[PDB]
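Quick notes on the structure that follows.
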Amino acid sequence: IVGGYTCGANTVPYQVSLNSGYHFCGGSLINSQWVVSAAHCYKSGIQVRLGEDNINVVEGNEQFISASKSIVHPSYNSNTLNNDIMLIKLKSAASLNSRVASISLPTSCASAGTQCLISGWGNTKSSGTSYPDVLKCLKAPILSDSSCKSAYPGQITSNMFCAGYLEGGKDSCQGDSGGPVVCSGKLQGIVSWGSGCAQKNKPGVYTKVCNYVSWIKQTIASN
Amino acid sequence: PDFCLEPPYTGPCXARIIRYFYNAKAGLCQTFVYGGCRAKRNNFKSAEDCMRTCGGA
Ligand SMILES: [Ca+2]
């Protein structure tokens with residue numbers, strides 16, 4: 016996260032880290050057994066780390083639970099990035115508590133201008149590389165489909181939305197993928213892609229979770 | 002054009018996945034951050050794969 020702030024330990028209790038010997042993506046806990054992340058975060062051997071703040075230290079509230087299933091959307095397109103969503107089943111159920119909690123799925128899509137909270141352990145620099153120890157947070161608005169398509173001609177599908185600030189300075193970045201965009205207590209987005217980080221005229225692009233609610237509920241229930 | 006001589010490509014996705022690329026200036030396979038999509042070919046999952054494919058380029 017570029018241009019954000021330190022969340023505070025366990026203030027975003029649905030945020031998880033996906034670990037494959039190191040942190041490579043985020044995710045969002047949606048029940049004690051299931052996490053939502055991005056399809057491009059698929060790897061075998063994922064370990065989900067819950069209750070994290072400092073991801074480089076063992077601080078006392080962590081739960082480390084292996085993925086038992088990592089289910090990419092069946093229509094994920096790795097060239098257009100359409101349907102960039104994945105469901106991860108935990109091999110055992112997480113113990114839910116004040117620092118490890120689920121986030122609700124949307125009941127309807129969010130509108132342009134709705135303010136959301138984006139979080140993760142991704143790079144904090146727009147030029148260069150600095151990866152934080154602790155979780156970072158950013159408040160940013162959903163942008164109009166028209167502005168999104170203007171920023172990225174030919175690239176934005178009905179399952180993507182843009183969020184951020186056109187002036188630059190505030191964005192998700194490498195290592196934030198898969199993580200949450202939460203608006204009024206609902207998971208409306210998944211960190212997906214962009215063009216650079218925090219550049220002028222280049223807002224972040226996010227998977228539009230509201231389009232997948234029926235699929236998410238049925239896939240979870242079928243596995 | 003030898004793909005082993007191309008600079009490493011992070012791409013537009015926002016993961017932080019460690020991959021290898023052949024660095025012809027140094028003569029060695031080196032690590033870089035891959036964002037998770039739209040990989041180019043100078044992008045390997047291990048040093049061994051990179052050395053096999055690009056070593057000596
Ligand atoms: Ca920790």
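Chain order of the listed sequences is E and I. Using the entry's author numbering, the letters of the first sequence map in sequence onto residues 16 to 34, 37 to 67, 69 to 125, 127 to 130, 132 to 243. Heads up, the second sequence is in the entry's author numbering, so the first residue is 2 and it goes up one at a time. Every residue gets a Cβ at the ideal spot worked out from N, C-alpha and C, and that includes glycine.
For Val225 of chain E, verify whether its CB is less than 8 Å away from any heavy atom of ligand 1. No - ligand 1 has no heavy atom lying nearer than 8 Å to the Cβ of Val225 of chain E.
Using the C-alpha atoms, what's the distance from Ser122 of chain E back to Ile162 of chain E? When rounded, the distance between both Cα atoms is 18 Å.
Straight-line gap, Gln219 of chain E to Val201 of chain E (C-alpha atoms, nearest Å): The straight-line gap from Cα to Cα measures roughly 19 Å.
May I ask which residues mark the beginning and end of the beta strand (DSSP E) holding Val233 of chain E? Boundaries for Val233 of chain E: no beta strand (DSSP E) harbours it, while the alpha helix (DSSP H) harbouring it runs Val233 to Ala241, taken from the DSSP string.
Return the first residue and the last residue of the alpha helix (DSSP H) that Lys107 of chain E is part of. No alpha helix (DSSP H) contains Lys107 of chain E, which is instead part of the beta strand (DSSP E) from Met104 to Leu108.
At a CB-CB cut-off below 8 Å, which residues of chain I make contact with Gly62 of chain E? Those within 8 Å of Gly62 of chain E in chain I number zero; the least Cβ separation is about 12 Å.
Relative to chain E, which residues along the segment 5 to 23 of chain I have a C-beta separation below 9 Å, given in chain order? So the list reads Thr11, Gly12, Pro13, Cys14, 15, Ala16, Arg17, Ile18 and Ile19, given in the order they occur along the chain.
The beta strand (DSSP E) enclosing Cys193 of chain E, as first and last residue numbers: Annotation for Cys193 of chain E: no beta strand (DSSP E) segment contains it, and DSSP assigns it neither H nor E.
Would you please verify whether the beta carbon of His57 of chain E is less than 9 Å from any beta carbon of chain I? Yes - at least one Cβ of chain I is within 9 Å of the one on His57 of chain E.
Restricting to Cα atoms, I'd like to know which of E:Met104, E:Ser45, E:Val76 and E:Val75 is closest to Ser61 of chain E. Per the Cα distances, E:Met104.
Using beta-carbon positions only, say whether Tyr226 of chain E and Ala183 of chain E come within less than 9 Å of one another. Their beta carbons are under 9 Å apart, which means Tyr226 of chain E touches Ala183 of chain E by this criterion.
Check: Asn25 of chain E C-beta below 8 Å from any heavy atom of ligand 1: Outside the cutoff, so no.
Report yes if the C-beta distance between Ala85 of chain E and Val65 of chain E is below 9 Å; otherwise report no. Note that the C-beta distance between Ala85 of chain E and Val65 of chain E is below 9 Å.
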